[PDB]
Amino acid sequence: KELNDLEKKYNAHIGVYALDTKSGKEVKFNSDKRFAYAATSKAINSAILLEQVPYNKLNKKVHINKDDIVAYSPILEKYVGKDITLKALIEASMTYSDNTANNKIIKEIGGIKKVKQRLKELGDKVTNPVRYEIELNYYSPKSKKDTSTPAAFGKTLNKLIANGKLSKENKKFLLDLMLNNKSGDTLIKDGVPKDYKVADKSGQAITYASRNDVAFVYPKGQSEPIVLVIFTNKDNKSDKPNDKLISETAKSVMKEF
C-alpha cells in the first residue's frame, strides 16, 4: 500500500489528498504537485452554479446553439437550437461528463474569470482554470493551465461542497449525481471497501495518461465524507493510464481512515 510502490508497480505518478471531514485527518502524497484535473473540475463548476441558483430555480432553461457545441457531449449534442434546463445541464455534466454542458455551466456562472474569483474566495490560489472544454484537457507539464494540486483541489471540493454553503436540496442533487455515476466505477469506487459509498467525478486529460478521480467517500457507518482527490499521470505524452492504479491508490488511502 505504500503509494511509492504503487508509483513503481504502475510507473506513474500519484497525487493524493484525502481529508476526513469528520476528524479533519488528511492523507497527502505529492499533494502539492500540479496535475491536469480534466473533467474532475466539472464537480467544481456544478457546485459553484448550485451556489447561485436555488434548487427550485434549476428548471430555468438556457438556449443551446451550434456555437455552444464542443466535442464529447453525448447529451448536449442534440440540443442545438433547443433549450435545456440548468438542472439537465448539471446532470449531463456530472453523469455523462458532457463537455458542452460544463462550458454552459461555466458561462452561467459568469465565465472562467468568475470561476477564478470564486476559487480565490475559497482561498484557492492554486486551481487554475484557463480554458473551456475541450482545450482544458491539452495538458503540458510545462504549463499550469487547467491544473491544480491534489491538496488545493481537495480543499476546494470540501469548502464548496462537503463543508460548503449549498442548500440541502442542491447538495443532495449534486452528491446523488456523483453517487449514481457509473463512469468512474473502475477508479476510487473500485478500490474502496465493499460497504463504502463513493460520490465521484472522474477525469482524463488528452495527454500524459492524466487520469483522475475525485470523490466524497462514505465509509459504512460514517455519514461525514472523506474528500478524496487522486490525480495520476505518466512521463510520456501518449501514455495510456491504468485505472487500477487509482483503485489501488484509494484502497491504500482509505486504510488510513
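So that there is no doubt, residue numbering starts at 1 and follows the sequence shown.
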property: Residue range whose averaged C-alpha B-factor is higher in the record, 178-186 or 93-101; result: 178-186
property: Stretch with the greater mean C-alpha B-factor as recorded in the entry, comparing 246-254 against 1-9; result: 1-9
property: Peak C-alpha temperature factor (PDB record), options 113, 172, 82, 107; result: 113
property: Candidate residues 162, 86, 71, 130, the one whose C-alpha B factor the record puts highest; result: 162
property: Chain third (lowest, middle, highest) by recorded CA B-factor, residue given as residue 134; result: middle
property: Chain third (lowest, middle, highest) by recorded CA B-factor, residue given as residue 67; result: middle
property: Where the record places residue 234 (Cα B-factor, split into thirds across the chain); result: middle
property: Chain-wide C-alpha B factor ranking for residue 217, given as lowest, middle or highest third; result: lowest
property: Among modelled residues of the same chain, the CA temperature factor third for residue 143; result: highest
